[PDB]
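Peer 1: Using only what follows, build the 3D model:
(chains A, B, C, D, E, F and G, ligands or ions: 1)
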Amino acid sequence: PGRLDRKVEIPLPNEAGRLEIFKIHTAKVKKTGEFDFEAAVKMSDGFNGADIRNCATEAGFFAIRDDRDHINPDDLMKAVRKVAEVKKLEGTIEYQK
Amino acid sequence: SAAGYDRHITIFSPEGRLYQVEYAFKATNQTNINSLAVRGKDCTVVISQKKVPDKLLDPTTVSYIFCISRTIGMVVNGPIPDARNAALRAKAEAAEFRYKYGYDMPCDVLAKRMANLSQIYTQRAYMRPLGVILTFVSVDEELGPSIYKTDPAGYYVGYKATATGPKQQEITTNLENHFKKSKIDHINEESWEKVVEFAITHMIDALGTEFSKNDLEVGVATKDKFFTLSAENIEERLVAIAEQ
Amino acid sequence: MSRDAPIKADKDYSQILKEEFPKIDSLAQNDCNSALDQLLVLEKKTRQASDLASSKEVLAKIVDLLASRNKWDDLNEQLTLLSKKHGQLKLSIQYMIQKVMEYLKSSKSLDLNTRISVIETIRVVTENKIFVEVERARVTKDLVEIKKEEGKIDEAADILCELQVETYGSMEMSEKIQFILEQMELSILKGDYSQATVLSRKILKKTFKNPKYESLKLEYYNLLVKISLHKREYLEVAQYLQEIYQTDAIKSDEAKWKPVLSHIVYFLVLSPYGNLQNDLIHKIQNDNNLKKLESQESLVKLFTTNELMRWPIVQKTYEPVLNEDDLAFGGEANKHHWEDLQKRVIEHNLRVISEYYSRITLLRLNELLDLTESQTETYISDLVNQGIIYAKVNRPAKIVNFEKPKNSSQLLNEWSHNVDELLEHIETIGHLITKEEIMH
Amino acid sequence: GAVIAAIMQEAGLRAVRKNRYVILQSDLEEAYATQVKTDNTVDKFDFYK
Amino acid sequence: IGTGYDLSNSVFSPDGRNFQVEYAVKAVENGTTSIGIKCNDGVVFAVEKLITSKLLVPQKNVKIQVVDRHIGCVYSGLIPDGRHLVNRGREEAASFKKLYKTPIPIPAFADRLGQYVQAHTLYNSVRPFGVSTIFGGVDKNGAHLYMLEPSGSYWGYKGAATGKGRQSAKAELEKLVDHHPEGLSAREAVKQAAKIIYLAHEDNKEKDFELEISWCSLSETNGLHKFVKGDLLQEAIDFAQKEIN
Amino acid sequence: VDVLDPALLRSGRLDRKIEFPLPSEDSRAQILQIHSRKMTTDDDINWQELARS
Amino acid sequence: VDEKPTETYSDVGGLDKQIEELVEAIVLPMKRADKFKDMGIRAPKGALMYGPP
Ligand SMILES: Nc1ncnc2c1ncn2[C@@H]1O[C@H](COP(=O)(O)OP(=O)(O)O)[C@@H](O)[C@H]1O
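Peer 2: Residues are numbered from 1 along each chain as shown, chains lettered A, B, ... in the order given. Take a look at the structure below.
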C-alpha cells in the first residue's frame, strides 16, 4: 500500500471474455458470417488472447490454402484444435499468480 | 529459489519448507477431475468426474473411486500409477488391521496410518511422496457419516463436505453457502437417493457444467455396506432432477 | 446448443402443440392447471429457441382471464423455480420473464390490478440482469405515479433512485440519460436537495453536447436551476440559464428566447457581487436581443453603471413589472428575492460610494442606504471583511472614512511618478512646435 | 501508516465514483477489508501447522 | 532442464511430473507398430517386426510371448527391457497359480504389472521401463484387453495401439467400432489387423516387415493362446495385400 | 532460443516459429548420399549402414 | 546480392518437416498475396528458423 491504490489480478481471459476477443478478431477478416464460436470458445479453454489471435490468422491461412477469401465455420474449428495441441506441447502449463 | 533443495525431501530451505512435497499438491490436479464428497444423516456420497476422452478406451473400467473394504470407499484424484499404489497400501492395511485387531478399521484410523507411512516416505530419501489426494468415506460403526481427506504431505482432517481437483474453489464456495444457510452440518434427507441427487445438483452448480452418466461416477457408503452405482443407476437419478 | 440434436427435437414438439393452441385456451377456462401442465412439460425440455414460442402460449392464458391476481402470483413463482433447475440456460429464462413485464405496461385492466402486479415483477428480476432491468425502472415508476397520490411519495421515490444510481449496460445511452432526469425531480418532491446534487453529477455535462441529445439538454438545465434556486445560489442559476440561451432551439424561434433572457437578468442582479458577475453581465449588455425588450434593458444597465440612487426610486420603478413573473419575484418564497433586491442595490451603492467619496458623514450615508445607523454599520462591515471595500466607521457619527490608508512610502512613490512623466510631456511638445511651424 | 494512507485514498475514490463530495463510514469499511493482503497461506497449507 | 527432474526418477519437478517418464514414452515412439484388437469372443494381437537385412531368419523372432496359456502379450519400445517385464509377469503369474490353483484374471494381471513399473519410479538405484505392453486374453468374465503405458497407467481398451505408426492405427480402430458395433469376429479381426499394420508400414517405409499375428479366442482357439499361422495367416497376408492396392 | 530479443517476441513481428532438429537416423543416410555423388560411388557403400555408425 | 540457380531439394536430404513448413510459410503467401491483403490479416512478417548450425 501507498505505493499504490489497486492490486489488479488479471486472470486467464474469461469464459465469456474470450468470446469478446473472438468478436474483435473475427471482425477484421472477410467471412460468410459465422455463428459457431459457441463451440469454439469451449475448445479454447485456458488460452490467452495471444493464442486467440493466432487462431484467427490460422483459420484464414486455411482459407487461403483452400483458395477462398472467406473464413467459414469449418476452418475456425481446425484452428482451435491445432493451437490447443501445439500450445501444451511447447508449454509446461506454467503456474503463477 | 533452488540450490539443492527440491532435488530432495531431507533438505529444508531457509524457510524450513520441504519443496518437493509442495510439488505433489500440484501433481494431484494432473488428472483434471474434480471430486465432491457430501454428508447426509445415514450416508456419505462421494462423486468424481469420469473422463472418457478417447472412445478407444472402455468407459466401464474408467474410475478413480475404488472399493477398499466392505465399509470403506475412497476417491483418488491424481495420477493412475500412484492411484493403484496407494490403493495397494490401503487394501492391505485395511485387511491386516481386520485380522490383527479382529475388527474393522474406521475411516479415521485408515486415514491416520496412510499419512504416517507417507510421512516416513518424506523422512527417508530412498522413497518419495505419492502425489494423490485420497478421500476416504465410511459410515462409521460408532461415529456415523464421516469424511476424512488425506493430503499428499500426510495431513488429515475430517469434514462435513469437501471438494478436490483444480476447480475446487467454486465447489468450496457452494458448499459453504449450503451449510451456513441451514445452520446444520449435514444434508437433511433421510432418503439416501435424494442425497445423491442433491450431491449431483451441487456439483453442476459449483462447476457450471451440466453432466451426463458418461461424466459422472458415484460411490455411496451407507451403514454397513458400500456400492458404486453403475451408469444406468446414475441415469435414473438425473431424470428425477431435470423434471422433479 | 453447439450440437444439432436439441435444436431439431424441441422445435418439432413445439410446432405440433402450437397448432393445439386453440384447444389449450379452451382447456384453460375449464381448468387452469390442465392447460398449463401441457406447456409446463414443453418448457422443461431443452433448447431455448423453442421455449420462446412456447411462453407466448402461457402469456396468452393469463390475458384470457384478464388477469386473475391469483394466476399472476402463480406465474412469477414458477419462473423463479424454473431458473434454478437451469432455466435452459440462465441467459435465456430472462427473455421469458421479459414478456410478463411487457404485458403489464401496455395494458392496464384496472387500477387495483396494476398496483398489485408491480410488487410481484420487481421481486423476480433482482437476480436477473438484462433488459428486465430497463423495464424494471418503468414498472417501479408506474407505482411512483400511484404513490405520488398516496402519502408515500417520499418513500416511493427513494426506492426507485436506489435502483437508477446503478448504471446498466442493458440500458442504451438515450434511455439512461432520459431516465436519470426523472429521478432528480423526485428528490425535490422528497424535500432533499443533497440527493439531487448527486444524481445531477451522475450523468455527465459533455454527453449533452451532441445534437441528438439536445431534447434532453433543455430539460436537464431547466431542472437544474430549480434545485439551485431553492438553495439560493443566484450565480449558478444565471450561468445555467445562459446555456439554454445559447441553445439553437431557443434562439431560432423569435419568442422562445424571450423569457429566457428576462430570467438571466433577474439572477445576475440577485447575485451578490463577485468578479463572475462582472463578465457575465457584460456579455448580456453587448447583445441586441436586450434591445428587443424595453423592460429588461433598463434594469440590467441601472445595476451595472455607477450611479448614486436610492431605494424607493428603484423599488417604485420595478414594483408592478416583475411581480407578474413567477420563478423570479412573483412567488411566495421569492418575496425573499424581492427582499434580497433591496440589499443588492445598497451593496452596489457601497462600491460606488467608496471609490468616489473618500470621506463622507456617517449621517448622510444612513439616508443613502435608506436605513438606521445600526443597520448601516453592520452592512459596511460585511464588505470590509469580504474585502470589497476598506472603511472605518465611527460610532459617534463623526465620519465614515471610506478609504484604504496610504503609508509614507506609497505617497513618496506616487510623487516620483508625477514628476517623471511630466518631463516626457515637455520634451515631445518641443518636437511638435518645430514641425508645425515648418509645414506652415 | 502506509496502509492508512491508502485507506483514505480508496474511500474518497469511491466518492468520485458515486459523484459525491463527502466520504461516509461505508467507504472506510470497504477500504478496511482490502489493501491488507494475505488470506492465501490457508489455500493448500496446513501441514506446516 | 537439469536440477533433478530428469536426472533422477523419484524427484518431482514444479510441474508435478517427471520428465524421465516422458522420455520412457519417447522410446516407445521409436519402437514399432503393435495393436491389440478387442473382440466380443476373443482378442487379437499383431505386430510389425522389421527386417533389417535378409540374412535374418523368417518367422523365428517375435515380440509375442505368452503367460500361462491364455494371456498374450506384446511390447513395443526397447526390446530386451520389454522381454524382462513379461518375464517378471511370469514369475508373478506362477505365484497366483500356486496359491489360488487357477489362472490369473486379466484385470488381476493388469494390477500386478502396474505395481512393478510404479516401483521402478520409487527408487533411484533403479531405471524405469521404457515399454508399453498390450496384453489380455479370455477368462471367466470373457475377453478383456488392457494396455499398459511405461507411465503405469492403464484403462480398458476397445482398441490399443502403440509404436510409431499408431496415428493411423488408432483411426482405423475407431472405424472398426463404427462399421461393426460388436467390434467384429476374431477371425476377421486378424485380417483387420493385417490391413492396419501394412498402413503402418507406410510410416516405416525404408525397409521390409514381417507380420506376426497371434490370437487367443473363446471358441476359435478354444480358450487358449496359439500363434495365428499357416492358412489363417496366409489369408491375412492376402486380404491385406489386396486392400492396400 | 533464449537470446531472442523481446522486440520480436511480440505478435505480429514473428508468427511462425519453425524448429530444425539434428538430423534423425533416416535423415543421416540421405545427407551422406549427396556428398557421395560428388565422388565415385560403388555397390560397396550402404549409407543406411554408415548412418547407424 | 548473390542469387544463384536453384540448388533443388534433391541435393538436400532429410528434414522433411522443415521443407514442408518452409513452403507453407513463404511460398504460398507470396503466390496468394492478393488474398492476405484482401482479408486484411497478416501473413507471418518473419519466420524464425532455429536449432544447431
Ligand atoms: N541437409 C544437408 N545436406 C547436405 N549437406 C548439408 C545439409 N545441411 C548442411 N549441410 C552442409 O553443411 C554446410 C553448412 O551448413 P549451413 O547451411 O551454413 O548452416 P546454418 O545456417 O544452419 O548454420 C552446407 O553448406 C552443406 O555443405
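Peer 1: Find the closest residue to chain C in chain B.
Peer 2: Residue of chain B nearest chain C, by Cβ to the nearest Cβ: residue B:243 (5.4 Å). Every residue, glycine included, has its C-beta placed from N, CA and C.
Peer 1: what's near enough to touch that residue?
Peer 2: Applying Cβ atoms under 8 Å, 6 or more residues apart in numbering or on different chains to residue B:243 gives the contacts C:41, C:44.
Peer 1: give me the residue from chain B nearest chain A.
Peer 2: The minimum distance from chain B to chain A, using Cβ to the nearest Cβ, falls at residue B:26 (6.7 Å).
Peer 1: Can you get me a residue count around that residue?
Peer 2: 20 (other Cβ atoms under 10 Å in any protein chain shown).
Peer 1: how near is it to the ligand?
Peer 2: As judged by Cβ to the nearest ligand atom, to the nearest Å, residue B:26 and the ligand stand 38 Å apart.
Peer 1: Quick check: that residue is in a helix.
Peer 2: No. Read with DSSP: H, G, I helix; E, B strand; the rest coil, residue B:26 is coil and lies in no helix.
Peer 1: so how far is residue B:10 from it?
Peer 2: 20 Å (Cβ to Cβ, to the nearest Å).
Peer 1: same check, this time on residue B:68
Peer 2: For residue B:68, the distance to residue B:10 - Cβ to Cβ - is 30 Å.
Peer 1: again, but for residue E:10
Peer 2: 13 Å.
Peer 1: On the three-state scheme, the closest residue to chain G within the stretch 1-150 of chain C is what?
Peer 2: At 25.2 Å from chain G, residue C:2 is the closest residue in the stretch 1-150 of chain C, using Cβ to the nearest Cβ. Assigned by three-state DSSP, the conformation of residue C:2 is coil.
Peer 1: and what of the one 4 residues further on?
Peer 2: Secondary structure for residue C:6, judged by three-state DSSP, is helix.
Peer 1: That one against residue C:49, yeah?
Peer 2: No. Using Cβ atoms under 8 Å, residue C:6 is not in contact with residue C:49; the gap is 9.1 Å.
Peer 1: any idea how far whichever residue of the stretch 51-200 of chain C sits closest to chain A lies from chain E?
Peer 2: The stretch 51-200 of chain C approaches chain A most closely through residue C:91 (9.2 Å), counting by Cβ to the nearest Cβ. Separation of residue C:91 from chain E (Cβ to the nearest Cβ, to the nearest Å): 35 Å.
Peer 1: Phi and psi next, for that residue.
Peer 2: Backbone geometry at residue C:91, expressed as degrees, to the nearest 10, gives phi -100, psi 0.
Peer 1: So is stretch C:200-213 next to chain D?
Peer 2: Yes. Stretch C:200-213 lies within reach of chain D by Cβ under 8 Å from any Cβ of the partner chain, at C:201, C:202.
Peer 1: So for that stretch, what gets flagged as buried?
Peer 2: C:200, C:202, C:203, C:208 (16 or more other Cβ atoms under 10 Å in any protein chain shown).
Peer 1: With secondary structure and distance to the ligand added, can I get these in a markdown table?
Peer 2: Formatted as a markdown table, the buried residues of stretch C:200-213 follow (DSSP: H, G, I helix; E, B strand; the rest coil; distance: Cβ to the nearest ligand atom, whole Å):
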| residue | secondary structure | distance to the ligand |
| --- | --- | --- |
| C:200 | helix | 70 |
| C:202 | coil | 65 |
| C:203 | coil | 65 |
| C:208 | coil | 66 |
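Peer 1: For the residues you listed, which two are the farthest from each other?
Peer 2: Maximum pairwise distance among the buried residues of stretch C:200-213 (Cβ to Cβ): 13.1 Å, between C:202 and C:208.
Peer 1: Next one: the residue of chain B closest to chain A from residue C:1, what distance?
Peer 2: In terms of Cβ to Cβ, residue B:26 sits 34 Å off from residue C:1.
Peer 1: Which of the helices or strands spans residue 45?
Peer 2: Reading this off chain A. Counting by DSSP states H and E, there is no helix or strand that carries residue A:45.
Peer 1: Which helix or which strand is home to the nearest residue to residue C:76 once chain neighbours are set aside?
Peer 2: Residue nearest to residue C:76 in three dimensions, not counting chain neighbours: residue C:120, with 4.5 Å by Cβ to Cβ, 6 or more residues apart in numbering or on different chains. Residue C:120 is part of helix C:111-124 when elements are defined by DSSP H and E.
Peer 1: Give me the helices and strands touching that helix, please.
Peer 2: Helix C:111-124 is packed against helix C:69-85, helix C:93-106, helix C:131-149, with contacts defined by 3 or more Cβ pairs under 8 Å, 6 or more residues apart in numbering or on different chains; DSSP states H and E.
Peer 1: Just the C-alpha atoms of the shortest one, please, in CSV.
Peer 2: As requested, C-alpha coordinates have been extracted for helix C:93-106 and formatted as CSV (Å, rounded to 0.1, in the frame of the first residue of the first chain):
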residue,chain,number,x,y,z
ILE,C,93,-35.0,-17.6,-18.8
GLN,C,94,-34.8,-13.8,-18.5
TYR,C,95,-36.4,-13.4,-22.1
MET,C,96,-39.4,-15.3,-20.8
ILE,C,97,-39.8,-13.1,-17.7
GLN,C,98,-39.3,-10.0,-20.0
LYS,C,99,-42.7,-10.8,-21.7
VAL,C,100,-44.6,-10.8,-18.3
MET,C,101,-43.5,-7.1,-17.9
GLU,C,102,-44.3,-6.0,-21.4
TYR,C,103,-48.0,-7.0,-21.0
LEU,C,104,-48.3,-5.2,-17.7
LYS,C,105,-47.0,-1.9,-19.0
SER,C,106,-49.0,-1.6,-22.2
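Peer 1: what does that helix contact?
Peer 2: For helix C:93-106, the external contacting residues (Cβ under 8 Å, 6+ apart) are C:43, C:48, C:51-52, C:55-56, C:59, C:62-63, C:75-76, C:79, C:82-83, C:87, C:114, C:117-118, C:121, C:124-125, C:128-132, C:135, C:138-139, C:142.
Peer 1: check contacts around the residue nearest to the spatial centre of chain G.
Peer 2: Central residue of chain G (Cα atoms, centre = their mean): residue G:26, 3.0 Å from the mean position. Residue G:26 makes contact with residue G:47, according to Cβ under 8 Å, 6+ apart.
Peer 1: Noted, bye for now.
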